[PDB]
Structure formats: structure tokens, C-alpha cells
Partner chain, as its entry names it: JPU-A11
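Taking the form solved without its partner chain, here's one chain by itself in C-alpha cells.
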């Protein structure tokens, strides 16, 4: 069975359930936007993201001598219904490609179960949802109803290639780092991809290569989904914790520091830059956070609202955090179970492992240099499929990653900008 049971068309009439006009909790004003619920707890908004951050509502590019090297602007991208239809279909197709692998099925299952914790109440004797982990859906009668959700895929903001995982913060709680979790908004586009070089010495050099091979967009989305997994379970590493790259002369002369959260997400050898001691520090830190959630759950006596029963919610979080329950019914965190879950989310779900499952060529490290951005169209089956990506079986593109070779499969890629030599 498919991850997305319905093949939505952007123009399909709204129904107030899985096709509806919605508003997000940006703590500001906005006109409702058309959205599609593609799976339990997951929505797609085919719009440029001018909502999550009020200071980023301008899609227009600054003057030429003001733009960052690695960036791409086009204020008109994703403004027409045809584009939105293709965006919806492209994102859906990538979710299917990801779900078709055992690793992808595992990651998506973890994401759906990762409901943001109900820790919004001010009194420890009752559990209450945090409204910023919900969206407001316009019902058939014109009224709004609050719906909890775990993930939203939305178009990029001004800089089209700056894909990232975003979420609304709390006045006092660090939701992505206190075990609670929060609704994740992933800025992403299936309509562009990036080039990389097949030789490591070239890919990690800022002056060489034009970007001969194209990254499979399913890997790019998986990368953001991995971050979402960490953030939904509240175990993301503080961005202030970074690796002062000293293994790349070019990075060094720029004094560039890369966050541990990114190295962990890529996995492979990159993850090894995080030493054992710091690794243990974080593990214990989050163990203590899961413990506090257990203590808060015990002090809870009632539930706020009538959408679900306390028994239901207390159990939903017992399954999310895989807690244990004694005779009296008190909750506790088990070391073996915590370590297993923590390891699954941080070591099993990595970019490097997804590359193995998709059988594609990909950058070998996160510590490299971008080469170029290409326009693509993965919707037509003659171009890309759920099962083979660009490397179509029984064609000349089947072997040696020929489908990702932009020189061989040139009809599937239009280079929009070169980054090499501009750093």
C-alpha cells in the first residue's frame, strides 16, 4: 500500500478535511492558504514560505552586489496553479520513494508516532496541548477548528535553495531540545536539485568541478526528515555546539564551524567528529529530559479538552517515548529502551544510510562545496520513478548512475547557476 492513498490534484475542491484552507500559528496575521493532508499527521502547503518568519516575507532578491554566493532567487517560482500541482505531485512521489525502502518506512513511522508533547498547561495536575503544534482548519461551515499535526512540507522562502527544518518556539521551553518536540515545517522543493563531483578531492575543493552528477531529491528530503525526527522527539543538538572544521584547509581559512546536529544527520564518517565524551554528555542529557516528562506525566490527574481521553493521551506518549509502567501505573524511563530509541533516531536514520537504500551516487561528506543548481521535473515517469529515481531500469540510464549523470541524461537537467570559483 502507498504512503499517500490519494493522488491529489491542486485544483481538487476543498472539503474541510484533507483538502482545506488553513492558517498556521505564526503569532501574526495571514490569509488562509490551500493545504493537503497526505497522511495521518502530515500536511503539504504548496506555497513559498512567507509565514513562519515575519521578517522573511519578501521574495524579491536584493541588488546583485548583495547576494550570497550559494543562493538562488526567483520571486515567481511556485506562484501559479500549474506549478503548485506539480509541486504537490513531486513531493508525494518523493514520500513514496522514501516509504518504499525499509529505512524510509521506519523513519516515517517514527515521525507519525512522534506527537509533540502536551506540556502547555501551567498546572502539573493536567495535560494541555501547546497551540503552536496545531494549525487552524477552515471547516465546511466557515468556522475554524484546531488540529494537531507533526509535519508540514512547505515551499522555500526568498532563497530557493535554503532547505531547512523550522518550528515555532516557546516562551520558556526549548521544545526541540527538552524531549517535548514541536510541529516541524520543512522548507523544500522537488523542482530543483544540486550537482556534486564524483571525485572526493574535487568535491571538497571550492575551485574545481562544475557539478557533473545530480543529487537525487529523495535523499535531500530524507535529510530534512531526519532533522524533523530529532526535533519531534526533542533531542536535537543545540546549534551552538559545533565542530571547528580542521580537516579542510579551505574551511579553515574561512573559520567555518559546522553544527554537531548536521554531522550527526549526515552520518557515516562525519558523525565521528563528535567525540565519545560529548556523545555521552548529550545521551545522558536527553535521558534526563525523558525522565522529567515521565515525572510530569505522573503528576497529571486530568486532561484539558474533549478531543481525546487522558487514558488515551497518557498511552500515546507511553508509546512515543517507549516508557515503562509499574503496578501502581507510574511511568519510568528504561535505559535499554531509551538507548535503543535514541540510537535509532540518531544513528540508523542518516543521509549516508539512505544513499545505500536508494542505490544512488551522493556527496560523501557534508564538509564539501556546492557546485551548481539545476531545474528538474520528476513528475513524468519517463523522467523519474518511485523505484529507480533517475536511473531507470531497462534503459541506458540503468547502470553506473547514468540517470544522475547530467552529461548523459542532459534532457533532465537545466543548469541555472554555477557556484564553483565564487567562494
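Numbering follows the first chain given and starts at 1. Under this definition, the rigid core comprises the largest set of C-alpha atoms superposing within 1.5 Å between the forms.
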Ranked by mean Cα B-factor in the entry, 372-380 and 25-33, top stretch is 25-33
Taking the deposited Cα B-factors and averaging over 412-420 and over 4-12, the higher mean is found in 4-12
Note to self: of 105, 269, 231, 241, the C-alpha temperature factor tops out at 241
Entry record, C-alpha B-factors for 74, 261, 126, 216; the maximum is at 126
Assert third(CA B-factor, residue 49) within chain per record equals lowest
Of the three thirds of the chain ranked by Cα temperature factor, residue 87 occupies the lowest
Here the Cα B-factor of residue 130, set against its chain, lands in the third termed highest
By the entry's values, the third containing the CA B factor of residue 224 is the lowest
Of the three thirds of Cα B-factor ranks in this chain, residue 278 occupies the highest
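Absent from the display: the form deposited with its partner chain bound. The rest refers to it.
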- Query: Can residue 145 be called a contact residue for its partner chain in the deposited bound form at 4.5 Å between heavy atoms?
  - Reply: yes
message = Under a 4.5 Å heavy atom criterion, is residue 139 part of the interface with its partner chain in the deposited bound form?
response = yes
Test of understanding: in the deposited bound form, would residue 300 fall inside 4.5 Å of its partner chain by heavy atoms? no
Closest heavy atom of residue 17 to its partner chain in the deposited bound form, within 4.5 Å or not?
yes
Assert contact residue (its partner chain, in the deposited bound form, non-hydrogen atom within 4.5 Å, options 82, 125, 309, 76) equals 309
Of the residues 275, 326, 102, 141, superposed on the core between this form and the one not shown, only the C-alpha of one moves by 2 Å or more, and that residue is 326
- Message: Given a superposition on the rigid core, I'd like a yes or no on whether residue 380 shifts its C-alpha by 2 Å or more between this form and the one not shown.
- Response: no
_I want to check residue 393: does it shift between this form and the one not shown by 2 Å or more at the Cα, with the core superposed?_
no
Rigid core fitted, is the C-alpha displacement of residue 58 between this form and the one not shown 2 Å or more?
-> no
